[PDB]
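Engineer: Have a look at the structure that comes next, please.
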4 protein chains.
Amino acid sequence: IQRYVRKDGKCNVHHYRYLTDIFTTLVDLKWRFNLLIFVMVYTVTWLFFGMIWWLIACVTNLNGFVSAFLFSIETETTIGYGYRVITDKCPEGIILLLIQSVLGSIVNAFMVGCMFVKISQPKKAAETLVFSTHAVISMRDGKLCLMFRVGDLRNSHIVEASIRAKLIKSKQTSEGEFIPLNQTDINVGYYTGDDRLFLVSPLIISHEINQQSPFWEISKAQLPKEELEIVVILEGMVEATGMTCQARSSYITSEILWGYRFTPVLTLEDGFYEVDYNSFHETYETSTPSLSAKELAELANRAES
Amino acid sequence: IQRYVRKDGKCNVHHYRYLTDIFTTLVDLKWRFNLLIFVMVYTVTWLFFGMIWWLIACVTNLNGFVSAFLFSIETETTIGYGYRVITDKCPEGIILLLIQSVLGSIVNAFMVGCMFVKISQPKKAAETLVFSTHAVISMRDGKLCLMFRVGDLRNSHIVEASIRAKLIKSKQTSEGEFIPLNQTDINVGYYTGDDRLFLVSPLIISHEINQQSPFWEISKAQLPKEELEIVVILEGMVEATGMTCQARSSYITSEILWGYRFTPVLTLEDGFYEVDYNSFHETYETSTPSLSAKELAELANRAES
Amino acid sequence: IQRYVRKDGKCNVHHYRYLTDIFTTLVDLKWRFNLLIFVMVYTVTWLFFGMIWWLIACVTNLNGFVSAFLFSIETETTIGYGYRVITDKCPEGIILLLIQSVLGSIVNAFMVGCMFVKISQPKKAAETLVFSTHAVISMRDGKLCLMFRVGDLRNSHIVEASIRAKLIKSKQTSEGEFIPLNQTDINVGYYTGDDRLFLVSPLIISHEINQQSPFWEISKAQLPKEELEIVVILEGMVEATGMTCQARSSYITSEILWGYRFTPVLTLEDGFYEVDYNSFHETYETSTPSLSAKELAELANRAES
Amino acid sequence: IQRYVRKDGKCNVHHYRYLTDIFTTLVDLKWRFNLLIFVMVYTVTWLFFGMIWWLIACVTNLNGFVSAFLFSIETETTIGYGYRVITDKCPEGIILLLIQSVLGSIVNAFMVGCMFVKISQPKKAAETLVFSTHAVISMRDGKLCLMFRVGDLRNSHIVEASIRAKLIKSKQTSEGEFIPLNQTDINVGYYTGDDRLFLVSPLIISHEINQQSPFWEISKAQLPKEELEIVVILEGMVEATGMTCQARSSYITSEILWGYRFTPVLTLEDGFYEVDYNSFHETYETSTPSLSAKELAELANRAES
Ligand SMILES: [K+]
Ligand SMILES: [K+]
Ligand SMILES: [K+]
Ligand SMILES: [K+]
Ligand SMILES: [K+]
Ligand SMILES: [K+]
Ligand SMILES: [K+]
Ligand SMILES: [K+]
């Protein structure tokens, strides 16, 4: 069975009713459509209001249908060339112009506010956030760890960030209840506050595999047989702009390399630090026990001399 | 006595002074009124400023009252047809136009900013968030649990979210002090960070009923006799738009089904995952102890062979 | 010596350099000044640009100084009456109009964005938040507690909120180092998550005075002799508008009543709940030990029969 | 090797692809460039659209190239002087004006929204936040502490804030894996909630050096030999404006003074409190053990009489 979360963050699960937030529907559109909406939205008002001037036919230099348009438009954009102006003969025309120019300001506001979000939406910001292409399991100061690399491709922004991971795996309860996509938080710094990143250079996020880890009894041999997927979420804030952004990826069982290690990316240069973003996804192997974490602990606690 | 929080989130408790944030009063209005405000707001300025042109009567082609309006309007919307223009004979008229066109820009700003929030307000966003219609109590890996289902009806948005629950119940302290609506947080993931949802598909939020649970000594038999209400709060963020949203529901004692279980909603399809949102509210029963959690623990701790 | 934080939230401590955020300086102004800024800001541009038209004197119907203004204004607000229009005789005038109408759009943006925040700033929102006028110390299910009341005067908004309190008191370290306003967090729900309020009706925030409380050894007799001040902070979110708000108050030693209790405010009405906001600040006394919490615990632990 | 984080917050690490968020690229620009962009952006549209009027040559008083501009401009800014107006002879010209005035409103929105953020961006706000120029290590109620001073130079804003610190130091794991910039959170209030500042007056942030501190075995003698750097992050919220801001500094090994103490800044004045911001960075020495924290604890635990 395929994956739940793609490496680019999108899910693989499918769900009229969403008309509750049409605005949200409007921002997620590609520009081509978005403009086309606004093209239409303006015409339909200019059609409607023009057809009320012709119902009112106060008028200067107006003939067939086409003539009322160039006015209704020039009135609403507030152009008013002066070839088509207003008289005071009728009560009706003089008040339409007010409702029109009030309402013309509404449509503009729906548009400006509409545009702001569209340009300001930070999905674009978080596009420079990056997760290592694989995860690794290997030893680190005696303890076996699951590790992935995190980083932002721009220097200038989002240095504050925070990381979290969920393990998605099927489960059957003792009572035989089946949970297809049961999920459990994977400890990556929460209790100590080490999940609050400071993205100077790309970081290796580590999860120490201990008695509480879902990974406690997985050995090297078991891993390939396990059907599990780690979703990895990063939420940070753009320095230049208050707003916050999410970025996610996934690691499926076969993208977890046992007994590897991440290539360093940071190196010294003419008395400076340069991040070699080419070694970003790069790993390498090292002698690493084949045993589960649980069995390592046991072996270790029985060696006390 | 009736409920405190309706299933749609609104409270059932009633509280001039709120004139402190008139802006907030303005957004919570239904459009019909909102536009009517702005209709009025524009007229009253056009009335006031027009009545200052007539006090100043610099003027071109102006007769009775109606004539000053079409100018004051055309000056403030900055139409200026050119049938009614300005001369330099008077000092007063030339400076009014500046205060007017400065002030006309203020009113517009109150309106645009007013509209932005109105369209952007995320009450509409959170309308697709949904809580199961009931809660269930039943066993799960040996431990008795209170469970409700959570989900968002759209795929495209708010996948990050976070859940919390409060129990509302009357209390008398030993000292005899009476607390009508005493509330206590109900553990749904806080300590482990499992209250930070990832809404791929609708989730069963679980509360394990343990020595700290307010539900520790409620048996199946007791439950119906208890007068309690669980308020359930969900706060997440719209992917497409930075802003965050709240959604709430309530479960009153009679909407807690003892010995049931939630129908799975997720199923496989042609090598894919589809959420059958029809089974969303659906539960079913299973053999489940009738005992309180406290008495189960006891019975269990005395069985150690 | 007087208080550090007034009951309305403002501090009593005094601190050119703040020109770093002139925008922030602009919003905190009272409207009278704010408008006066914008009045001036517009004139000074209309003065400058008009004086560049007169340097360029492309022109129609322009005499003395006053004539260039009504154009520069009509060009920048984009009125353009058509009594003063443009010719193509000069290269200079034709390009000024572009820089002008580009720059005129900048000033407007500084103003609209300036206004938005001014109206949207939520200091006004949090004005309906309210703290009890006093705090009380008295017993509650065996444990001695410090309690203050919290609430929002509007029904319609900010039901989610969160509370925190700091105790400000002078300190000398063993090493004799003097800390005038040393502050310590006062536990009001943090560890259990009970500091995450749900403001249905006004709540009694409680702090259980235990071995970790700064209040552990204060008896009834000691209290008046103590020189301490509790600052109380409330941060919630306006339902109708995403943004968050702070509200603070203070309790100084003499506003802590020992052996009292808050009048209930909530009562039943024709099968409903009504909050009697008149009893909001109201307390009353009850028989309450005079002893410190520490000495109560001792007396209690020695009574085990 | 030099420092990772400058005292003003900027990093010393270097990283086309950033075209993903051009908007963010646009705000981080200095005004000179920003305006120049908008100058250009407007001209290029006025060039393009003017060249479509000349392709359409509906026209009044239009000669060479220069004449179409003053129209295309007056149409898009919606000036329309009335010397160059529209006729109904052609179908094409009448519809261009609509696409033009729709599209003219788009460019404006990109600009206004562009300006808002630029003025509202809070990098400017956080410029008044300040960190002591050094850190100190010395004793405090028996426990050895690392201390730095924090404060905001304005009274009127950002009183709520929150502090966090990371220690950056090289590491080699037992397995010989090398971590150049390994970082660990430094405890400054997280567990007790004392990292949630209330910036009445500048505060001394303290980190008690205990068995969990990275500083546990550093003695006075060792310190100078250590190659370590403390990054210090402050995130608070501007009262007058909802938005939040980050401010950072760094302390490198030689800016940690052993056996010093911060000069008090707060003093009493005519029955008031005044902060003498001149003594802000000022420290002074006091008799302080030369031993590491670890060795002090030992010596202390062996003295129990
Ligand atoms: K925690
Ligand atoms: K005109
Ligand atoms: K916690
Ligand atoms: K905590
Ligand atoms: K205009
Ligand atoms: K005009
Ligand atoms: K005009
Ligand atoms: K914690």
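Residues are named by chain letter and number: chains run A, B, ... in the order of the structure tokens, numbers start at 1 in each chain, and ligands are numbered from 1 in the order shown.
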Near stretch 118-121 of chain D, within 7 Å and counting only C-alpha atoms, which residues show up once chain neighbours fewer than 2 positions away are dropped, as a PyMOL selection string?
Structural biologist: (chain A and resi 240-242) or (chain C and resi 23) or (chain D and resi 27+114-116+123-124)
Engineer: Neighbours of residue D:155 within 10 Å (only C-alpha atoms; same-chain residues fewer than 6 positions away dropped), as a PyMOL selection string?
Structural biologist: (chain C and resi 10-15+18) or (chain D and resi 199-201)
Engineer: Go ahead and save the residues from that selection, with N, CA and C atoms, as a compact mmCIF listing (two decimals), in the first residue's frame.
Structural biologist:
```
# COMPACT_ATOMS: atom_id res chain seq x y z
N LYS C 10 -1.04 49.67 33.28
CA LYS C 10 0.10 50.52 32.99
C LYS C 10 1.14 50.43 34.11
N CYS C 11 2.43 50.47 33.76
CA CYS C 11 3.50 50.48 34.76
C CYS C 11 3.77 51.87 35.35
N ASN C 12 4.50 51.87 36.46
CA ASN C 12 4.91 53.09 37.11
C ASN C 12 6.42 53.23 37.12
N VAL C 13 7.03 53.03 35.97
CA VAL C 13 8.48 53.03 35.87
C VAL C 13 8.86 53.81 34.62
N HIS C 14 9.78 54.77 34.76
CA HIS C 14 10.16 55.60 33.61
C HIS C 14 11.56 55.27 33.06
N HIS C 15 11.68 55.35 31.73
CA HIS C 15 12.88 54.96 30.98
C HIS C 15 13.84 56.11 30.72
N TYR C 18 13.64 55.90 20.13
CA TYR C 18 12.43 55.21 19.66
C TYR C 18 12.06 55.51 18.19
N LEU D 199 8.60 42.58 31.10
CA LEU D 199 9.60 43.64 31.01
C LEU D 199 9.20 44.99 31.59
N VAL D 200 8.96 45.02 32.89
CA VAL D 200 8.69 46.27 33.57
C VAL D 200 9.96 47.12 33.40
N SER D 201 11.02 46.65 34.03
CA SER D 201 12.32 47.26 33.94
C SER D 201 13.25 46.17 33.39
```
Engineer: May I have the residues within 8 Å of ligand 4, computed using only C-alpha atoms and all ligand atoms, as a list in words?
Structural biologist: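 Result of the 8 Å neighbour search around ligand 4: residues 191 of chain B; 190, 191, 192 and 193 of chain C; 190, 191, 192 and 193 of chain D.
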Engineer: Identify which of the residues C:66, C:79, C:291, C:29 lies closest to ligand 2, counting only C-alpha atoms and all ligand atoms when measuring atom-to-atom distances.
Structural biologist: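 That would be C:79, the residue with the smallest distance to ligand 2.
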Engineer: Give one line per residue of chain D that approaches ligand 5 to at most 8 Å, naming the two atoms of the closest pair and their distance in Å to one decimal, counting only C-alpha atoms and all ligand atoms; sort by chain then ascending residue number and deliver it as CSV.
Structural biologist:
```
residue,atom,partner,partner_atom_place_in_ligand_line,distance
D:77,CA,ligand 5,1 (K),6.9
D:78,CA,ligand 5,1 (K),4.9
D:79,CA,ligand 5,1 (K),5.3
D:80,CA,ligand 5,1 (K),7.9
```
Engineer: So that I can check the secondary structure, give me every residue of stretch 219-295 of chain D assigned strand (DSSP E) by backbone DSSP, as a VMD selection string.
Structural biologist: chain D and resid 228 to 237 244 to 252 256 to 258 260 to 262 266 to 268 273 to 275 283 to 285
Engineer: Ranking D:189, D:104, D:50, D:176 by minimum distance to ligand 8 and counting only C-alpha atoms and all ligand atoms, which one comes first?
Structural biologist: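 Using only C-alpha atoms and all ligand atoms, the shortest distance to ligand 8 belongs to D:189.
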Engineer: If you run DSSP on the backbone, which residues of stretch 55-299 of chain D are helix (DSSP H, G or I), as a ChimeraX atom specification?
Structural biologist: /D:65-76,91-120,125-128,223-225,253-255,277-279,293-299
Engineer: With distances taken over only C-alpha atoms and all ligand atoms, which residue among B:92, B:127, B:255, B:74 lies nearest ligand 7?
Structural biologist: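 Using only C-alpha atoms and all ligand atoms, ligand 7 sits closest to B:74.
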Engineer: Do you know which residues are at most 12 Å from residue C:244 counting only C-alpha atoms, after dropping those on the same chain fewer than 2 positions away, and could you put them as a count of residues only?
Structural biologist: 35
Engineer: Applying 12 Å and only C-alpha atoms, which residues near residue B:40 remain after dropping the ones on its own chain fewer than 4 positions away? List them as a VMD selection string.
Structural biologist: (chain A and resid 98 to 99 102) or (chain B and resid 33 to 36 44 to 47 107)
Engineer: Keeping only C-alpha atoms, write those residues as a CSV table (one decimal), in the first residue's frame.
Structural biologist:
```csv
chain,number,residue,atom,x,y,z
A,98,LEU,CA,-24.0,57.1,-4.9
A,99,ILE,CA,-25.0,53.5,-4.3
A,102,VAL,CA,-20.3,53.1,-2.5
B,33,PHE,CA,-26.4,45.9,7.9
B,34,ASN,CA,-22.7,46.4,7.2
B,35,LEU,CA,-23.3,47.8,3.7
B,36,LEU,CA,-26.1,49.9,5.1
B,44,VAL,CA,-23.5,61.8,5.9
B,45,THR,CA,-20.1,63.1,4.8
B,46,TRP,CA,-21.4,64.1,1.4
B,47,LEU,CA,-24.3,65.8,3.2
B,107,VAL,CA,-13.2,57.0,5.5
```
Engineer: Which residue is closest to ligand 3? Choose from B:106, B:188, B:232, B:97 and count only C-alpha atoms and all ligand atoms.
Structural biologist: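 Of the candidates, the smallest distance to ligand 3 is held by B:188.
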Engineer: Here is a test: counting only C-alpha atoms and all ligand atoms, which residue of D:289, D:271, D:224, D:82 is nearest to ligand 6?
Structural biologist: D:82
Engineer: To one decimal place in Å, what is the distance between atom CA of residue C:142 and atom CA of residue B:212?
Structural biologist: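 It comes out at 17.9 Å.
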Engineer: Would you compute the distance between atom CA of residue A:253 and atom CA of residue A:217? Give it in Å to one decimal.
Structural biologist: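 Those two atoms sit 14.8 Å apart.
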Engineer: When you count only C-alpha atoms, which of these residues is closest to chain A: D:55, D:135, D:231, D:153?
Structural biologist: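 Counting only C-alpha atoms, the residue closest to chain A is D:231.
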Engineer: Find the spatial neighbours of residue D:209, counting only C-alpha atoms, within a cut-off of 9 Å - ignore same-chain residues fewer than 5 positions away - and output them as a PyMOL selection string.
Structural biologist: chain D and resi 143-146+187+214-216+293-294
Engineer: For the atom pair atom CA of residue B:32 and atom CA of residue A:48, what is the interatomic distance in Å to one decimal place?
Structural biologist: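 Computed distance, atom CA of residue B:32 to atom CA of residue A:48, equals 19.2 Å.
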Engineer: Any idea what's packed within 8 Å of residue B:134, counting only C-alpha atoms, ignoring anything in its chain fewer than 5 positions away? Could you give it as a compact mmCIF listing (two decimals) with N, CA, C and O atoms, in the first residue's frame?
Structural biologist:
```txt
# COMPACT_ATOMS: atom_id res chain seq x y z
N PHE B 148 -13.58 10.82 21.31
CA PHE B 148 -14.42 11.53 20.35
C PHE B 148 -13.67 11.66 19.05
O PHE B 148 -12.44 11.58 19.02
N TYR B 251 -20.17 17.74 24.66
CA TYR B 251 -20.83 16.47 24.91
C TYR B 251 -21.43 16.52 26.29
O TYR B 251 -20.72 16.70 27.28
N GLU B 255 -24.73 12.02 25.82
CA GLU B 255 -24.17 11.86 24.47
C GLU B 255 -22.85 11.10 24.59
O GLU B 255 -22.10 11.01 23.62
N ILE B 256 -22.60 10.57 25.78
CA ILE B 256 -21.43 9.72 26.03
C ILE B 256 -21.90 8.28 25.99
O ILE B 256 -22.58 7.83 26.89
N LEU B 257 -21.57 7.53 24.96
CA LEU B 257 -22.09 6.16 24.90
C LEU B 257 -21.10 5.17 25.52
O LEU B 257 -19.94 5.11 25.09
N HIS B 281 -19.86 9.98 11.98
CA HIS B 281 -20.51 10.04 13.29
C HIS B 281 -20.87 8.65 13.80
O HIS B 281 -21.30 8.50 14.94
```
Engineer: Which polymer residues have any atom within 9 Å of an atom of stretch 58-63 of chain D, counting only C-alpha atoms, with same-chain residues fewer than 4 positions away left out, as a PyMOL selection string?
Structural biologist: chain D and resi 53+67-68+71+82-94
Engineer: Could you dump the residues just selected with N, CA, C and O atoms as an mmCIF file, in the first residue's frame?
Structural biologist:
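Below you can see out.cif, which holds the result:
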```
data_model
loop_
_atom_site.group_PDB
_atom_site.id
_atom_site.type_symbol
_atom_site.label_atom_id
_atom_site.label_comp_id
_atom_site.auth_asym_id
_atom_site.auth_seq_id
_atom_site.Cartn_x
_atom_site.Cartn_y
_atom_site.Cartn_z
ATOM 1 N N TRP D 53 -2.731 51.190 -27.412
ATOM 2 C CA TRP D 53 -3.562 52.283 -27.927
ATOM 3 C C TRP D 53 -3.087 52.723 -29.319
ATOM 4 O O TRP D 53 -3.893 53.070 -30.191
ATOM 5 N N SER D 67 1.786 61.205 -26.964
ATOM 6 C CA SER D 67 0.369 61.495 -26.730
ATOM 7 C C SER D 67 -0.423 60.315 -26.163
ATOM 8 O O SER D 67 -1.347 60.516 -25.374
ATOM 9 N N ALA D 68 -0.058 59.097 -26.560
ATOM 10 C CA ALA D 68 -0.735 57.884 -26.082
ATOM 11 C C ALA D 68 -0.438 57.598 -24.612
ATOM 12 O O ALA D 68 -1.275 57.048 -23.895
ATOM 13 N N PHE D 71 -2.423 59.486 -21.971
ATOM 14 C CA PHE D 71 -3.748 58.888 -21.910
ATOM 15 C C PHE D 71 -3.679 57.611 -21.088
ATOM 16 O O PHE D 71 -4.351 57.497 -20.066
ATOM 17 N N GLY D 82 -9.929 64.741 -20.126
ATOM 18 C CA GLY D 82 -11.040 65.144 -20.985
ATOM 19 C C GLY D 82 -10.585 65.859 -22.242
ATOM 20 O O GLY D 82 -11.406 66.313 -23.040
ATOM 21 N N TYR D 83 -9.269 65.973 -22.400
ATOM 22 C CA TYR D 83 -8.672 66.443 -23.640
ATOM 23 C C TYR D 83 -8.454 65.232 -24.540
ATOM 24 O O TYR D 83 -8.503 65.339 -25.769
ATOM 25 N N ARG D 84 -8.214 64.084 -23.904
ATOM 26 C CA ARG D 84 -8.080 62.799 -24.584
ATOM 27 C C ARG D 84 -9.161 61.851 -24.071
ATOM 28 O O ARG D 84 -8.975 61.185 -23.051
ATOM 29 N N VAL D 85 -10.293 61.799 -24.768
ATOM 30 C CA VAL D 85 -11.415 60.952 -24.358
ATOM 31 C C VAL D 85 -11.667 59.803 -25.338
ATOM 32 O O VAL D 85 -10.928 59.635 -26.314
ATOM 33 N N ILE D 86 -12.710 59.015 -25.069
ATOM 34 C CA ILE D 86 -13.022 57.835 -25.875
ATOM 35 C C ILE D 86 -14.246 58.014 -26.775
ATOM 36 O O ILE D 86 -15.219 58.667 -26.395
ATOM 37 N N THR D 87 -14.184 57.431 -27.970
ATOM 38 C CA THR D 87 -15.335 57.361 -28.865
ATOM 39 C C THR D 87 -15.807 55.912 -28.976
ATOM 40 O O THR D 87 -15.200 55.013 -28.387
ATOM 41 N N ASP D 88 -16.886 55.684 -29.721
ATOM 42 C CA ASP D 88 -17.466 54.345 -29.844
ATOM 43 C C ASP D 88 -17.298 53.724 -31.241
ATOM 44 O O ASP D 88 -17.946 52.724 -31.558
ATOM 45 N N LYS D 89 -16.417 54.307 -32.058
ATOM 46 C CA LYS D 89 -16.207 53.869 -33.447
ATOM 47 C C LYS D 89 -15.656 52.442 -33.553
ATOM 48 O O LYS D 89 -16.053 51.670 -34.449
ATOM 49 N N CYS D 90 -14.749 52.104 -32.631
ATOM 50 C CA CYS D 90 -14.083 50.802 -32.636
ATOM 51 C C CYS D 90 -14.564 49.902 -31.492
ATOM 52 O O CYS D 90 -14.891 50.393 -30.405
ATOM 53 N N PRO D 91 -14.625 48.580 -31.735
ATOM 54 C CA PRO D 91 -14.945 47.688 -30.624
ATOM 55 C C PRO D 91 -13.754 47.492 -29.688
ATOM 56 O O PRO D 91 -13.935 47.412 -28.472
ATOM 57 N N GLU D 92 -12.551 47.448 -30.263
ATOM 58 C CA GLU D 92 -11.326 47.085 -29.545
ATOM 59 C C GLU D 92 -10.947 48.031 -28.400
ATOM 60 O O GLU D 92 -10.644 47.581 -27.294
ATOM 61 N N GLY D 93 -10.964 49.335 -28.669
ATOM 62 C CA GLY D 93 -10.553 50.335 -27.683
ATOM 63 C C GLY D 93 -11.410 50.334 -26.434
ATOM 64 O O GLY D 93 -10.911 50.550 -25.329
ATOM 65 N N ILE D 94 -12.702 50.075 -26.616
ATOM 66 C CA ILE D 94 -13.674 50.101 -25.528
ATOM 67 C C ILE D 94 -13.477 48.968 -24.525
ATOM 68 O O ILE D 94 -13.821 49.115 -23.351
#
```
